[PDB]
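Two forms, one chain: they're shown below as structure tokens, one block per form, named structure 1 and structure 2.
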Structure 1
């Protein structure tokens, strides 16, 4: 897991549970079976109706993009593109093929393959930008599942509470327990709001943050391959690519 998510979950549990215990309570009074089944079951139902089945199989991959550690290999590639620049300058474009064959980055490998095949500069720009646009769209689709789960969850909490209160309207005759009865009913709304705000919308926001980092790295590889095709000098190549790395 990401260290920020681990510390965030620790802080979140201490805030909510510690707050409840400080005003006075038991944690066993904050757990309900039926409220969990209505809120989570209802959210899951609304998401499954909302999306085709193939999207839901992407949901596993969505969490892997969010919680993955930051490998941060961008710097390594910035060097390589600079080095390819120097090879292209002395040796000619055929040497770029032999340099690139076994590079662990596919997008870079394909970009260089288009330049060694001698394609004209607007065409290599067009094909590589279509790959970037496809990755932008893919990551947005993962995030949208979690954003939509976060918008149904609070309303499912309301359905939960109103179902609780309908049962209580059958026991209004006993005034002593009406009060404790209403409290148990409210538990569902606490789940609806709390799950949306802590779990669902944070996972969506973290997906969108990590997508933006990865798209920058792709755009650098795009300016890198167009720069080596233009035949810029190594100092100018380094200066352009440096604008991307933070």
Structure 2
């Protein structure tokens, strides 16, 4: 799926399970039905009450953004905008029209088309910035679902532990029945902390990391289109746009 995530999941499985299996435990004991039902069922219930149904259908798209493989195409687009800046210095805006057309980046294509149509520079900034802020809000809405799950899961673990104790204190006399319960106390803790910390809070973190790269590329394209409209020289254009790339 993606390289840092794949190495992370391998390292996590090998560390946590390899620790336990080495000490002489069996993986069988890490499953307890009621502990799973309280912690996972409770987490899903809190998230479903907290968000409208259309947001939950975005959850598929959120995961797909998090584990999208990297594309270095920002470098190519910097050379494209520099070439177009040189066309604008040499030639009329009609020439830009041909050059911009058929570019695989729609945000750049539209931006340039607004300049060919002769629309005024602060208005071009305004309409482009509306499109960037829409994309930023969309990625924030994905991350907020995973952050919410990571907040509820620990508290459902506390419910599972308190519910477990309520059962064990009931039977301080019957030794046979004690074992099944004291487990649910221990396991319901483990699913609460482990699911929150490894699955949910990392996926939230990764969506925000990948969103920050996407928004920086959009900001660079906006600075490119505005510098083409101003008629800046290619050396200065190259300098400004390079500040966005690392």
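Residue numbers count along the first chain shown, from 1. Rigid core here is just the name for the largest C-alpha set that superposes within 1.5 Å across the two forms.
Query raised in the report: Superposing on the rigid core, which residue among 176, 126, 137, 75 shifts its Cα by at least 2 Å between structure 1 and structure 2?
Result: Between the two forms, the residue that moves is 176.
Query raised in the report: Does the distance between the two CA positions of residue 116 reach 2 Å or more between structure 1 and structure 2, the core being superposed?
Result: Comparing the forms between structure 1 and structure 2, which are aligned on their rigid core, residue 116 does not shift its C-alpha by 2 Å or more.
**Report entry** Large Cα move at residue 106 between structure 1 and structure 2, threshold 2 Å, rigid core
**Finding:** No, the C-alpha moves less than 2 Å.
Query raised in the report: So with the core overlaid, does the Cα of residue 231 end up 2 Å or more away between structure 1 and structure 2?
Result: Result for residue 231: no, shift under 2 Å.
Query raised in the report: After fitting the core, how far does the CA of residue 22 move between structure 1 and structure 2, in Å?
Result: It moves 4.2 Å at the C-alpha.
**Report entry** Shift in Å of the C-alpha at residue 37 between structure 1 and structure 2 after core superposition
**Finding:** Reported C-alpha shift between structure 1 and structure 2: 2.0 Å at residue 37.
**Report entry** Per-residue C-alpha deviation between structure 1 and structure 2 [residue 150; rigid core superposition; Å]
**Finding:** It moves 0.5 Å at the C-alpha.
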